[PDB]
Amino acid sequence: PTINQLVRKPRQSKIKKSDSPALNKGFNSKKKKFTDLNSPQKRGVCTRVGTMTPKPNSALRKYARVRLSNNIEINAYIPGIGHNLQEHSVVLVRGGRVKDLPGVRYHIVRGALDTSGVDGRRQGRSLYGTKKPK
Amino acid sequence: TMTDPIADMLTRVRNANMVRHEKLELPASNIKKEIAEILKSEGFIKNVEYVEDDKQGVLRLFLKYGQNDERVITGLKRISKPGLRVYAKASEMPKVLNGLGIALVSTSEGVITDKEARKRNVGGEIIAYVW
RNA sequence: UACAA
RNA sequence: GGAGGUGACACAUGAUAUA
RNA sequence: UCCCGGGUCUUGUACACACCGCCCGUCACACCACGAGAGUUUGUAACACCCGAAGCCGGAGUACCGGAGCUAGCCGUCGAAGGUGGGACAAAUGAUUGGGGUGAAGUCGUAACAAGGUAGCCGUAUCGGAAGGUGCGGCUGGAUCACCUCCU
RNA sequence: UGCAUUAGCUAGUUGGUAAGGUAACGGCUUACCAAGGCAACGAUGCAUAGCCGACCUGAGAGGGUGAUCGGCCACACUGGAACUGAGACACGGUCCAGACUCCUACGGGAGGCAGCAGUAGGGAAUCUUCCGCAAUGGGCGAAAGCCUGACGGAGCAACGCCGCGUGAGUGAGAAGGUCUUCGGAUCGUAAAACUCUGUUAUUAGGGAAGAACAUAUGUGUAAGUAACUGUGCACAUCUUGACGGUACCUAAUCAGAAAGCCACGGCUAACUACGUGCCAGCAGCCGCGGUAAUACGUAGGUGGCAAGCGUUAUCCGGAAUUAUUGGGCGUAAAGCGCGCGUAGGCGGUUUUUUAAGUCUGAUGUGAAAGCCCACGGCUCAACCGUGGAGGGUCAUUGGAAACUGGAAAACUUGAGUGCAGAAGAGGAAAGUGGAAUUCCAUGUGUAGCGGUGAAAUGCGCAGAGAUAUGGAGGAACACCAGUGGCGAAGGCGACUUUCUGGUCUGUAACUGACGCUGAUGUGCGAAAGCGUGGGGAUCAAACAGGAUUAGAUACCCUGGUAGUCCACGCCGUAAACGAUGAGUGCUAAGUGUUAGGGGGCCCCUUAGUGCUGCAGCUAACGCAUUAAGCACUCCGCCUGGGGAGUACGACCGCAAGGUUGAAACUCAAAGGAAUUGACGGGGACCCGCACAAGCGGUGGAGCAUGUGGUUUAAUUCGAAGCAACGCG
RNA sequence: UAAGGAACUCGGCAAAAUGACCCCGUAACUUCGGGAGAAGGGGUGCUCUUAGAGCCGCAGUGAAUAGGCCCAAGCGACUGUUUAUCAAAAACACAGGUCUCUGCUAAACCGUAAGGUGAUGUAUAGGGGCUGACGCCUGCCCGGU
Ligand SMILES: [K+]
Ligand SMILES: [K+]
Ligand SMILES: [K+]
Ligand SMILES: [K+]
Ligand SMILES: [Mg+2]
Ligand SMILES: [Mg+2]
Ligand SMILES: [Mg+2]
Ligand SMILES: [Mg+2]
Ligand SMILES: [Mg+2]
Ligand SMILES: [Mg+2]
Ligand SMILES: [Mg+2]
Ligand SMILES: [Mg+2]
Ligand SMILES: [Mg+2]
Ligand SMILES: [Mg+2]
Ligand SMILES: [Mg+2]
Ligand SMILES: [Mg+2]
Ligand SMILES: [Mg+2]
Ligand SMILES: [Mg+2]
Ligand SMILES: [Mg+2]
Ligand SMILES: [Mg+2]
Ligand SMILES: [Mg+2]
Ligand SMILES: [Mg+2]
Ligand SMILES: [Mg+2]
Ligand SMILES: [Mg+2]
Ligand SMILES: [Mg+2]
Ligand SMILES: [Mg+2]
Ligand SMILES: [Mg+2]
Ligand SMILES: [Mg+2]
Ligand SMILES: [Mg+2]
Ligand SMILES: [Mg+2]
Ligand SMILES: [Mg+2]
Ligand SMILES: [Mg+2]
Ligand SMILES: [Mg+2]
Ligand SMILES: [Mg+2]
Ligand SMILES: [Mg+2]
Ligand SMILES: [Mg+2]
Ligand SMILES: [Mg+2]
Ligand SMILES: [Mg+2]
Ligand SMILES: [Mg+2]
Ligand SMILES: [Mg+2]
Ligand SMILES: [Mg+2]
Ligand SMILES: [Mg+2]
Ligand SMILES: [Mg+2]
Ligand SMILES: [Mg+2]
Ligand SMILES: [Mg+2]
Ligand SMILES: [Mg+2]
Ligand SMILES: [Mg+2]
Ligand SMILES: [Mg+2]
Ligand SMILES: [Mg+2]
Ligand SMILES: [Mg+2]
Ligand SMILES: [Mg+2]
Ligand SMILES: [Mg+2]
Ligand SMILES: [Mg+2]
Ligand SMILES: [Mg+2]
Ligand SMILES: [Mg+2]
Ligand SMILES: [Mg+2]
Ligand SMILES: [Mg+2]
Ligand SMILES: [Mg+2]
Ligand SMILES: [Mg+2]
Ligand SMILES: [Mg+2]
Ligand SMILES: [Mg+2]
Ligand SMILES: [Mg+2]
């Protein structure tokens, strides 16, 4: 555009959007209002664990339905081989969407709160909440 | 209508230079006369003649080409514009092509080059870059 | 080929 | 030779990735 | 000329897993978000009115010379909070309801892509299970074959 | 700082007078008078936010943040006041009102951690209910001193940064693990073995600085005194350490206590084996896994880091992906359908003048800390300190005068006017005419007409269709007719008259920059559609019937209503297209055509309208003096696809709808141009027992044989459209 | 008429409440007229000064007279008309729409006729049928009558 057009109507950058919107909101119970805080993880309670089929891929991918501490419902993936989760489990939820699973944008942290570490894991244990053997 | 007679002059040179014309005529003005003489003095063009007439005068320019018909003028660029005027200080005078080209500056001591503007410690309106 | 029917 | 204007019976379908 | 198949050149192509291609929409299924919705709940703020604290303004008692002064008290204007009222706005939720996205190809056809088998597309109107059809005007971002202007 | 999908706001409001009031000016308050004040340069409203030095990022221009340290402001459970005071409308004061909590013997009373700790709660998450006033600072005091959760220290936490360790030297291929083309290879000089060290660690011995003082006591001196005491100044003596027996130093003893985390297909440094078999799982992207996985899990090996290493969240960068620096709009997203025109932006030549912009010095200021450079102290380094530099669109002041702006004066090229010619389907209104269609009548005249791929519906013996004449009526104007003409665009085509718009050529009378663009605005705007009223030939949505078809709500046929036509209103949209905004100038040629002009049918020249084609441009296709080239000015528009031109709001509309116009969510594409193939119910040519022209067979019978299916103890296995089945 | 306030009843029937004037203020929806007196609130006495200052009562339009209001649904557009004497309505009418007849000695109607109405009108007129403001609209069937 012309300089005069830019003076009349300046440039405007596109607004960036967050990939984990449920983590960036808090809840004040006393005032019954939503805040904006940018948390790295959120506590939550498992409403419904289960499995889901992928979008070329084929498997039974384990996940849980979680009500986060800010009263938001999300689908969180359970990484690793075997888990100890069920209804009413207290879990820590972090960011990171799992491709091939539509509607699952978060991960459950292994080895935090009620979720156990992966059993028998020996490589990359810190990603799966497993203590060092022996 | 015509808004920048100086940019029209720089473009007339650019278009004539592109097709390797020997000479070109354009209507005259005081600043166009002084711009043309600096191009002569700096060795970018060959000669400038002033043709008087009833309207505003005529400037005849003679272009320069080296051996193997290589163009002495490589490019011209209007810097200060009617839509956005560009001024500079002596301490921030731009060098054109790392000194191998020139900048034409209108200062309170007249229209001069950038190398001379720093010598005289004057700034002013940056008219054009020639390289 | 592994599938689906 | 190349363009632009002008005018001029019936027949359905075939899963996913990988090719 | 026609059925099957093949060769050369050209032309269109949204095909390249190469027409046994690609592909559209309704209907049926699952999840998700969003709109509408008789209503219900909450919050802000102004406005008007009423009441109106402390305070602001006005109008019996106790160093100076019984008096002056002073204090207490009483009255009205202004005064926060509160109450009353009707509206503005905002957020939540509501039988039901609408369309959309995604997933899977279940179903009905085959609308587009080749002249896609009625060239397609745009606006508009109307009709129809659906893709869509038809009318009117427009465009070429239309294939094949004609008769003319132009250029080479 | 956002939002115009917030456009009206204000009535002590704006000004005046007077009085009151204040430290002070003032609508600060009141009374009276006047009707002002603010706003598209964004008022007002809503939402968000303490602001700055600084901090993070970035080459920079920018973008992002305000925890810690410093400056300023505001607040102290919520709201309203005032008192004292130099100062408060006062965190650990008062008064009042409210919410809440606590004591009560029910009359009554009490409280405010957003001080330091600490508790509960919320949360992914953030510490001791520590020591001391020794230092610095503050209050009070003559002083001694007292007070000081300021502060100085200690405690907890890898939260960050910096530093040092977890050993060093020599040591030829041991065992054990893993792989193996069972030769070997590799872990690996790695281990052990031999010596060496003690940073650290443990035990013991020593042990700073941080401390300056004040008071008091002496002398000396200054002022003052009549003199002294005292006071100021100087020197000398005295006491005082929370940390803390800390830092540090010295001696002894021992390699003994002190390495983990992620990764290894590509991006991207580093590969093998086994297990698993589209499962389990992995994944930032490409994607990996469906029986030989360097991508899953484990193991060996390797790589990268290391007291850390990874993951998540958030910000800047990469991102020229909002492009001032530094992008675009023919076909990829993007030129408003097109005029007229307001604000604004921009604007031809010259002279004089000015000095707002611009340039150039001076002065002041831009605190300290920080960043950067230099130097000094910490064993180094972090860190600390000192001296510089930098950072303003800052202000004030002195100069310069080219450019932009202001003033004045000239100019004629731009733009208008005049004059002289010319062309035109430019527009509005009213008239006249010829062909044809339909209908009607009449005369002749008889068996079909019409229609399709084939038909049928339909019309016809009551006389059709055909033919001839006449009439009615509506609509449209053959030939001319041409990448011809006119118009801003939409559009405009028989002829005549009337009214009227614009353009082009020549001339150089005239005016003297009067120009360009154009947000908002205001108008025009195909067709369909809508309202009122007319008209109604043809054609024809809907609709009916007849066909076709598996079906045919279609294409084809026979009819047919709205509509198509007129007037007056409305609607305001189109592939409203050259998919190319307007203005101005400059940049090879060739060749048609329309309207002119000049000169000798040709040459030159204006303005349109076409084709071809350089330079240049382009992703290519292509564009190319009618640019998509080279430049300057102004406007409009774009920022991945879908959702979606949808929703909500608003405005317009009789309605249909139009204009303005998101987000959630979702995907890694969507897309442009061109290329090689293939394919087409595209074209051209050509060929084959492919068809056609013929002759003889199979499919029907019985049997032989192969196959399938059933059977069976087994009916062995392979072959499965042509190209399996008298096949191996 | 204590306390209560529709618990009455088929049903708030009846009654109560509202009520004047003056000033503030007023929603959905709308055919832009309305809705509207929407709703909801303030003031009224007397004396004195020239809007203030006072005075009195429980109470000041001190009596009497003078709208109750709101939300939502059916029907009918509306004003009007009706069963004199058990029905006032959703029924009739209506403006508007459509169909049909009628070329004037019109059709239609009264009358045996004469004579009349239609109309001293003439298709923008007259009679009859159906529908019933306005907005959006009004599909299929002509075999039978
Ligand atoms: K102290
Ligand atoms: K072909
Ligand atoms: K009638
Ligand atoms: K009949
Ligand atoms: Mg089709
Ligand atoms: Mg088609
Ligand atoms: Mg149809
Ligand atoms: Mg057109
Ligand atoms: Mg705040
Ligand atoms: Mg950059
Ligand atoms: Mg005081
Ligand atoms: Mg205090
Ligand atoms: Mg406190
Ligand atoms: Mg505390
Ligand atoms: Mg907690
Ligand atoms: Mg002290
Ligand atoms: Mg104390
Ligand atoms: Mg940690
Ligand atoms: Mg590598
Ligand atoms: Mg892994
Ligand atoms: Mg394997
Ligand atoms: Mg990998
Ligand atoms: Mg692995
Ligand atoms: Mg380190
Ligand atoms: Mg970034
Ligand atoms: Mg970036
Ligand atoms: Mg771009
Ligand atoms: Mg452009
Ligand atoms: Mg396109
Ligand atoms: Mg486009
Ligand atoms: Mg255009
Ligand atoms: Mg358009
Ligand atoms: Mg250091
Ligand atoms: Mg003339
Ligand atoms: Mg003309
Ligand atoms: Mg203009
Ligand atoms: Mg406009
Ligand atoms: Mg029309
Ligand atoms: Mg038809
Ligand atoms: Mg009409
Ligand atoms: Mg019209
Ligand atoms: Mg466009
Ligand atoms: Mg242009
Ligand atoms: Mg141009
Ligand atoms: Mg060309
Ligand atoms: Mg031309
Ligand atoms: Mg044959
Ligand atoms: Mg086999
Ligand atoms: Mg045989
Ligand atoms: Mg009673
Ligand atoms: Mg009572
Ligand atoms: Mg009551
Ligand atoms: Mg009851
Ligand atoms: Mg009862
Ligand atoms: Mg009653
Ligand atoms: Mg009354
Ligand atoms: Mg009625
Ligand atoms: Mg009535
Ligand atoms: Mg009666
Ligand atoms: Mg009655
Ligand atoms: Mg009726
Ligand atoms: Mg019949």
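Here is the naming used below: chain letters follow the sequence lines, and residue numbers restart at 1 for every chain.
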Whole-Å gap separating [atom2] ([N]) and [atom1] ([X]):
| X | N | atom1 | atom2 | value |
| --- | --- | --- | --- | --- |
| A:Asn4 | F:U633 | CG | P | 11 Å |
| B:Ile6 | F:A402 | CD1 | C1' | 10 Å |
| A:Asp19 | F:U666 | CG | P | 11 Å |
| A:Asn71 | F:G123 | CG | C1' | 13 Å |
| A:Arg105 | F:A283 | CZ | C1' | 17 Å |
| A:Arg94 | F:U314 | CZ | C1' | 16 Å |
| A:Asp36 | F:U65 | CG | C1' | 15 Å |
| B:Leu26 | F:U587 | CG | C1' | 15 Å |

Please identify each residue that fulfils side-chain hydrogen bond (donor to acceptor under 3.5 Å, both in side chains) with A:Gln123, with sequence neighbours left out. none
Can you list the residues that meet the side-chain hydrogen bond (donor to acceptor under 3.5 Å, both in side chains) rule with B:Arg20, with sequence neighbours excluded?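 Per chain and number, B:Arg20 pairs via side-chain hydrogen bond (donor to acceptor under 3.5 Å, both in side chains) with no residue.
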Report yes or no: is there a donor-acceptor pair, N or O only, under 3.5 Å between the side chain of A:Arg61 and the base of F:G281?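 Indeed there is one.
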hbond_proxy A:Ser39 side chain to F:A124 base (donor-acceptor, 3.5 Å cutoff): yes
Can you tell me, in whole Å, how much space there is between the [atom1] of [N] and that of [M]?
| N | M | atom1 | result |
| --- | --- | --- | --- |
| F:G653 | E:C24 | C1' | 35 Å |
| F:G111 | F:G98 | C1' | 15 Å |
| F:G62 | F:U325 | P | 13 Å |
| F:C461 | F:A447 | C1' | 8 Å |

Would A:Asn75 and A:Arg105 count as having a side-chain donor-acceptor pair, cut-off 3.5 Å?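 The criterion, which ignores hydrogens and geometry beyond distance, is not satisfied for A:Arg105 and A:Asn75.
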Pairing nucleotide - F:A494, Watson-Crick or G-U, each distance under 3.5 Å: F:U432
Does anything in [range] pair up under salt bridge (charged side-chain N to carboxylate O under 4.0 Å, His left out), and if so which pairs, sequence neighbours excluded?
| range | value |
| --- | --- |
| residues 37-51 of chain B | B:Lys33-B:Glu37, B:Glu42-B:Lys115, B:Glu49-B:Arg60 |
| residues 67-82 of chain B | B:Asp4-B:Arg78 |
| residues 88-104 of chain B | none |
| residues 96-114 of chain B | B:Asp114-B:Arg118 |

Would you please name every residue forming a side-chain contact (heavy atoms from CB on, under 4.5 Å) with B:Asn68, sequence neighbours left out? none
Who passes side-chain contact (heavy atoms from CB on, under 4.5 Å) against B:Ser41, sequence neighbours left out?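 Listed in chain order: nothing, the list is empty.
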Answer yes or no: is there a donor N or O on one side and an acceptor on the other, between the side chain of B:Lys64 and the main chain of B:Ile73, under 3.5 Å? no
Starting at the 5' end of nucleotides 261-279 of chain F, put B wherever the base has a protein heavy atom under 4.0 Å, S where only the sugar-phosphate does, and a dash everywhere else. SSS--------------BS
Starting at the 5' end of nucleotides 347-352 of chain F, put B wherever the base has a protein heavy atom under 4.0 Å, S where only the sugar-phosphate does, and a dash everywhere else. SSSSS-
B:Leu24 near the nucleic acid: base, sugar-phosphate alone, or nothing, with a heavy-atom cut-off under 4.0 Å? nothing
Is F:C100 stacked onto F:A99, using centres under 5.5 Å and an interplanar angle under 30°? yes
Do B:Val48 and B:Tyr50 belong to the same hydrophobic cluster, where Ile, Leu, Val, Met, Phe, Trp and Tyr are linked whenever their side-chain heavy atoms lie under 4.5 Å apart, directly or via other members?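 Per the 4.5 Å side-chain linkage, B:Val48 and B:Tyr50 are co-clustered.
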Check: protein-nucleotides 326-330 of chain F nitrogen or oxygen pairs below 3.5 Å:
{"unit_1": "F:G327", "atom_1": "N7", "unit_2": "A:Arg11", "atom_2": "NH2", "d": "3.4"}
{"unit_1": "F:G327", "atom_1": "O6", "unit_2": "A:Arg11", "atom_2": "NH1", "d": "2.9"}
{"unit_1": "F:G328", "atom_1": "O6", "unit_2": "A:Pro1", "atom_2": "N", "d": "3.2"}

Select one nucleotide: of F:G123, F:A668, F:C667, the one nearest the side-chain heavy atoms of A:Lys99.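 So the side chain of A:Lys99 is nearest to F:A668.
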Give the dot-bracket string for RNA chain C, reading 5' to 3', where a pair is Watson-Crick or G-U wobble with both distances under 3.5 Å, ( ) marks pairs inside the strand, [ ] marks pairs crossing earlier ones, | marks a partner on another strand, and . marks unpaired. ||...
Aromatic centroids of A:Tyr63 and A:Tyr77 separated by under 6.0 Å: no
May I ask you to verify if any side-chain N or O of B:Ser106 is less than 4.0 angstrom from the OP1 or OP2 atom of F:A402?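 Checking F:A402 against B:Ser106, no side-chain N or O comes under 4.0 Å of OP1 or OP2.
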